[PDB]
Participant: 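What follows is a structure written as structure tokens; I'll ask about it next.
Along the sequence shown, residues are numbered consecutively beginning with 1. Scope of the values below: all heavy atoms of this structure, side chains included, with no hydrogens, waters or symmetry mates.
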Amino acid sequence: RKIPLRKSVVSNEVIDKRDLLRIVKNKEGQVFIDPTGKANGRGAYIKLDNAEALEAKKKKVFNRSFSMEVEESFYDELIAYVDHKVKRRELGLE
């Protein structure tokens, strides 16, 4: 499929296809995780990696990307989301 590999806003590294995670900001100022990659709004990518989710919060990386103060609850949601997905992947559940 020659799927384009995107760059992480956290590490500035190329992200493996299996590891791609999209975060979207809409025009209404809402920020959410977009697991299918099909949402409209402005996208920012990270690796599905606990270190990157933590660094995203430490550096408030999406505030910068999206020109807004993203809620701490969103950063905590992303940490929990990534933690759960990484655990499932390590156990071979997905």
Side-chain angles (χ1 to χ4, degrees):
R1 293 166 66 179
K2 289 180 296 176
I3 283 114
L5 303 187
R6 313 306 296 274
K7 294 302 185 37
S8 169
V9 292
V10 167
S11 63
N12 307 311
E13 288 192 357
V14 177
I15 306 166
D16 287 1
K17 176 184 189 326
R18 160 85 168 167
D19 293 337
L20 192 61
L21 184 61
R22 191 179 198 228
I23 293 80
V24 172
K25 176 230 188 170
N26 66 24
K27 278 86 28 265
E28 286 77 24
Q30 294 172 139
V31 177
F32 59 93
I33 297 170
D34 179 18
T36 88
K38 291 170 99 319
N40 313 288
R42 183 172 296 265
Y45 295 93
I46 68 167
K47 297 183 189 175
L48 196 318
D49 173 278
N50 290 311
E52 293 216 355
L54 175 57
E55 185 75 349
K57 180 175 179 185
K58 293 173 56 174
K59 302 303 188 172
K60 298 175 174 60
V61 71
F62 305 111
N63 294 20
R64 317 199 196 227
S65 295
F66 297 155
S67 300
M68 62 175 282
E69 185 171 15
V70 178
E71 294 282 324
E72 179 207 294
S73 68
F74 177 71
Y75 285 111
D76 292 339
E77 176 192 359
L78 179 62
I79 283 166
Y81 176 92
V82 172
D83 177 62
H84 180 248
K85 296 224 134 234
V86 170
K87 180 179 170 173
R88 289 181 48 88
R89 294 180 145 211
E90 290 336 302
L91 290 179
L93 305 175
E94 58 176 278

Participant: Would you compute the distance between atom OG of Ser65 and atom NZ of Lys25 and round it to the nearest 0.5 angstrom?
Facilitator: 10.5 Å

Participant: Do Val61 and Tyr81 share a hydrophobic cluster, counting only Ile, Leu, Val, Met, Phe, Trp and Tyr and linking them when any side-chain heavy atoms are less than 4.5 Å apart?
Facilitator: yes

Participant: Compare all side-chain heavy atoms of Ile23 with those of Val9 and state whether any distance is below 4.5 angstrom.
Facilitator: no

Participant: Within the supplied structure, the quantity of interest is the number of heavy atoms (other residues, nucleotides, ligands) at a distance under 6.0 Å from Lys38 NZ; does it exceed 12?
Facilitator: no

Participant: After noting the C-alpha distance and the side-chain angles of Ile33 and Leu21, does the key distance pass the side chain to side chain contact (heavy atoms under 4.5 Å, CB included) rule?
Facilitator: CA-CA 8 Å; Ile33 297 170; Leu21 184 61; 3.8 Å; yes

Participant: Ignoring hydrogens and geometry, is there a side-chain-to-backbone donor-acceptor pair from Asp49 to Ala51 under 3.5 Å?
Facilitator: yes

Participant: Would you say the side chain of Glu13 lies within less than 4.5 Å of the side chain of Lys7, judging by non-hydrogen atoms?
Facilitator: no

Participant: Heavy atoms, side chains only, cut-off 4.5 Å: are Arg6 and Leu20 in contact?
Facilitator: yes

Participant: Got a second to check how far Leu78's CG is from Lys57's NZ, nearest 0.5 Å?
Facilitator: 10.5 Å

Participant: What is the distance from atom CD1 of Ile3 to atom CG of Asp16, rounded to the nearest 0.5 Å?
Facilitator: 12.5 Å

Participant: Quick one: sort the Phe62 and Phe74 rings into parallel, tilted or perpendicular, breaks at 30° and 60°.
Facilitator: perpendicular

Participant: Answer with yes or no whether the hydrophobic clustering places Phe66 together with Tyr45; edges join I, L, V, M, F, W, Y residues whose side-chain heavy atoms lie under 4.5 Å apart.
Facilitator: no

Participant: If you group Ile, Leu, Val, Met, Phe, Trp and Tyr by side-chain heavy-atom gaps below 4.5 Å, do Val86 and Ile79 land in one group?
Facilitator: no

Participant: Looking at every heavy atom in both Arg18 and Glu94, which two are closest together, and how far apart are they?
Facilitator: NH2-O, 3.0 Å

Participant: Run the salt-bridge test on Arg89 and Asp19 with the 4.0 Å N-O cut-off and return the result as yes or no.
Facilitator: yes

Participant: If we ignore angles and hydrogens, is there a donor and acceptor under 3.5 Å between the side chains of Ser8 and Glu52?
Facilitator: yes

Participant: Stepwise, does the side chain to side chain contact (heavy atoms under 4.5 Å, CB included) test hold for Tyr75 with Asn63?
Facilitator: CA-CA 11 Å; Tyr75 285 111; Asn63 294 20; 2.7 Å; yes

Participant: Under the 3.5 angstrom rule, does the side chain of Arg22 hit a backbone N or O of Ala39 as a donor-acceptor pair?
Facilitator: yes

Participant: Working to the nearest 0.5 angstrom, can you tell me the gap between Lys17 NZ and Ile15 CD1?
Facilitator: 12.0 Å

Participant: Please determine whether residues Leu48 and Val31 belong to a single hydrophobic cluster, defined as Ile, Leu, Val, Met, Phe, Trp and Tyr linked transitively by side-chain heavy-atom distances below 4.5 Å.
Facilitator: yes

Participant: Considering only NZ, NE, NH1 and NH2 on the basic side and carboxylate oxygens on the acidic side, decide whether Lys60 and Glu69 come within less than 4.0 Å.
Facilitator: no

Participant: With side chains defined as the heavy atoms from C-beta onward, is the minimum distance between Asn50 and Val82 less than 4.5 Å?
Facilitator: yes

Participant: CD of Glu28 to CG of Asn26: how many Å apart, nearest 0.5 Å?
Facilitator: 4.5 Å

